[PDB]
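Novice: Got a sequence here, can you build the structure:
(2 chains, ligands or ions: 2)
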Amino acid sequence: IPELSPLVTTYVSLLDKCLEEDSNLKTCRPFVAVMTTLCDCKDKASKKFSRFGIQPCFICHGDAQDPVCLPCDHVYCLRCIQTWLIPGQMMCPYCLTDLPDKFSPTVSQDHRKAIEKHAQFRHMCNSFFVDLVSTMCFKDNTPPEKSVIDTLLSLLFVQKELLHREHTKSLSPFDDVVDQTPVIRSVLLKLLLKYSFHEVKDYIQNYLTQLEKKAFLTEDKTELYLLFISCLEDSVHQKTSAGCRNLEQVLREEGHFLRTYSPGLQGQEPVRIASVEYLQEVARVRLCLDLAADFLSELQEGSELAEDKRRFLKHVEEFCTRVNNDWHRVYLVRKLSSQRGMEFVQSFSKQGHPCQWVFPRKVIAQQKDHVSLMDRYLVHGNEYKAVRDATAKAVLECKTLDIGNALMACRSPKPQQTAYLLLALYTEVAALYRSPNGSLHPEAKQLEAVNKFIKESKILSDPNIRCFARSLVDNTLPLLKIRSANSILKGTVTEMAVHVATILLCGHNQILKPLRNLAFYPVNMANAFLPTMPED
Amino acid sequence: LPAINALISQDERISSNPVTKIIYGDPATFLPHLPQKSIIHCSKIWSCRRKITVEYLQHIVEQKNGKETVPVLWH
Ligand SMILES: [Zn+2]
Ligand SMILES: [Zn+2]
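Specialist: Numbering: from 1, shown residues only, chains lettered A, B, ... in the order given. Ligands and ions are numbered 1, 2, ... in the order given. See the structure here:
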């Protein structure tokens, strides 16, 4: 927009002449000066743009779309003016002026262009304002003054004016902007938290009280608390990672903290009190539990923990058996599962491993040793489940018609139907074989049932499907014998293999033809252009 | 992913295991030795979150059309 260069060069000179005497942006005076400079620069820019400062709609407090020009030179939303001027209030709410005829005169050449220019200018101003407050106020490790922190925190509010009240702005030093939803950002919180936690407790506590008193009186404060905990834990993570420190000193620091953790669970508990000290404490214990989860994963993968990390794990176990807040144990087990998987905690849910202390008391008392694996094939949904349940029922009994009846009572024709049938067969045989109690169940006069079903049902009597079925039913298929050693990814790799084999067999698509050639005709792929390889 | 996670969590041969409840999407209120309901002790708060890694940044930059918006970070 080549229509603001002279004014902004004048403002460049103005900010230069007011910057020599205070070349320290960390205090309040230059922040206030530059805020006023940006504000009156926006005002003068709008004045030069669109005939002395076009204002937002008075009702929604935001920019007006499809502008309608009142005789008193007022810009209101077309929706707001159409839903507000229809009853017996034919008068401009701002200056109290009666509109003669109707909201008919609209301008399609002037107001919209000025509005878009104002939006662009305000976007750049706000963006580099938050850029400066992130940079100029945070050049070094020295915390800024209290006054500038107070000003930047109070800038967010749109407090009571003549008429919703008490919104929250995205660091905009201007007033012609609103969000008609109280939303709390974390950029100011994060910027405050980059400093040491000891020197910013008052500011974050004041902001918390302000948002609890005017933004989140009675609402879902759980999201707010988890957001603040995440921000605090990210801040301490950055402080630990960026700083020049080893692992043994932080290990002993965390061990001492856990040993010196006074419970204090009754202080900020009941309904409303959430001290920033308690948020720091919960973030710290969550980080400690994440470290313990990593140590347990390493112990499962490898040898002992060099007698030092074992001390940290012992302190964690003493903490868990000392405090009754099992929510921390739930967080620890969730982190362990997210790091490795469910089979990790299933192996840890055995009957005497020296890690049962990481599990609650009721989770081990009534857990049997028949804890199996789940079928990860539920991606289909509502139809693979039915056919697999019918297949399991046919496995339990000798009748084999239930699976066919369920198959013929569904949509998703022959390709995906055969995929479902073969996958259910594989899942049933794998579940029977892996479980030692029911080993070789189809061979107990039940393989004749499935064989008669294959001979009777022509929905899968394809020679390739027939050979796959006969290989899979008697466990002669060369995928089960992967002879892995980790005993964790053996089943996963085998099930990837069997699922891709079933997909290729049942995928009768042109793109799947080369994949079929690779997975079933290797002799023809002798000296062939194998994909996903580097080229010069 | 949430839909398949919820459906798999409801499978009626692993849900019998109490371990998968405190793991695969069931609030831990069913554990008797628990503190009372608290605004800070919500089930969502005590859940697990991700660890931001540059490969996740790669996913964000490729999935949000970083070819022309922010290509320098992409490279
Ligand atoms: Zn007016
Ligand atoms: Zn409006």
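
Novice: Buried ones in the helix of greatest length in chain B, by neighbour count?
Specialist: With DSSP state H setting the assignment, residue counts place helix B:54-63 as the longest helix in chain B. Neighbour counts using 16 or more other Cβ atoms under 10 Å in any protein chain shown place residue B:61 of helix B:54-63 among the buried residues. All C-beta spots, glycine's among them, are computed from the backbone N, C-alpha and C.

Novice: by contact count, what packs against the helix or strand following it?
Specialist: The C-terminal neighbour of helix B:54-63 among helices and strands, as given by DSSP states H and E, is helix B:71-74. Helix B:71-74 sits against helix B:54-63, with contacts defined as 3 or more Cβ pairs under 8 Å, 6 or more residues apart in numbering or on different chains; DSSP states H and E.

Novice: what residues does chain A put near ligand 1?
Specialist: Applying Cβ under 5 Å from the ion, we find that chain A lies next to ligand 1 at A:72, A:74, A:92, A:95, A:97.

Novice: Out of those, which two sit at the greatest distance?
Specialist: A:74 and A:97 (8.1 Å; Cβ to Cβ).

Novice: More neighbours: which of these two?
Specialist: In this comparison of residue A:74 against residue A:97, neighbours counted by other Cβ atoms under 10 Å in any protein chain shown, the higher total goes to residue A:74 at 21 against 15.

Novice: related to what we said a few turns ago, just curious, which of the residues of chain A next to ligand 1 is nearest to chain B?
Specialist: For chain B, the nearest member of the residues of chain A next to ligand 1 is residue A:74. The distance, counting by Cβ to the nearest Cβ, is 37.7 Å.

Novice: Show me which residues of chain B sit near chain A.
Specialist: B:4, B:7-8, B:11, B:13-14, B:17-20, B:22-24, B:28, B:30-35, B:38-42, B:44-49 (Cβ under 8 Å from any Cβ of the partner chain).

Novice: Narrow those residues to just the buried residues.
Specialist: In these, burial by neighbour count holds for B:8, B:11, B:14, B:17-20, B:22-24, B:28, B:31, B:34, B:38-42, B:45-48, counting by 16+ other Cβ under 10 Å.

Novice: Which one of the residues in the stretch 151-300 of chain A is closest to ligand 1?
Specialist: When you check the stretch 151-300 of chain A against ligand 1 by Cβ to the ion, the closest residue turns out to be residue A:162, at 14.1 Å.

Novice: Look at that residue and give its secondary structure.
Specialist: The three-state assignment at residue A:162 reads coil, by DSSP: H, G, I helix; E, B strand; the rest coil.

Novice: For it, give its distance to residue A:72.
Specialist: Residue A:162 sits at a distance of 17 Å from residue A:72 (criterion: Cβ to Cβ, to the nearest Å).

Novice: Please identify which of the two sits among more neighbours.
Specialist: The neighbour comparison of residue A:162 against residue A:72 (other Cβ under 10 Å) goes to residue A:72, with 13 against 6.

Novice: need the contact list for the closest residue to the more buried one other than its chain neighbours.
Specialist: Ranked by Cβ to Cβ, 6 or more residues apart in numbering or on different chains and with sequence neighbours excluded, the top spatial neighbour of residue A:72 is residue A:97, at 4.4 Å. With Cβ atoms under 8 Å, 6 or more residues apart in numbering or on different chains as the criterion, the residues that contact residue A:97 are A:70-72, A:91.

Novice: again, but for residue A:251
Specialist: Taking Cβ under 8 Å, 6+ apart as the definition of contact, the neighbours of residue A:251 are A:308-309, A:312.

Novice: CA atoms only for the longest helix of chain B - export them in PDB, please.
Specialist: Listed in PDB are the C-alpha atoms of helix B:54-63, where the atom choice follows Å, rounded to 0.1, in the frame of the first residue of the first chain:
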ATOM      1  CA  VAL B  54      12.400 -31.800  14.800                       C
ATOM      2  CA  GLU B  55      10.700 -34.700  12.900                       C
ATOM      3  CA  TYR B  56       7.300 -33.400  14.200                       C
ATOM      4  CA  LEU B  57       8.400 -30.000  12.900                       C
ATOM      5  CA  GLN B  58       9.000 -31.700   9.500                       C
ATOM      6  CA  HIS B  59       5.500 -33.200   9.600                       C
ATOM      7  CA  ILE B  60       4.000 -29.800  10.400                       C
ATOM      8  CA  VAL B  61       6.000 -28.000   7.700                       C
ATOM      9  CA  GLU B  62       5.100 -30.600   5.000                       C
ATOM     10  CA  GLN B  63       1.400 -30.900   6.000                       C
END
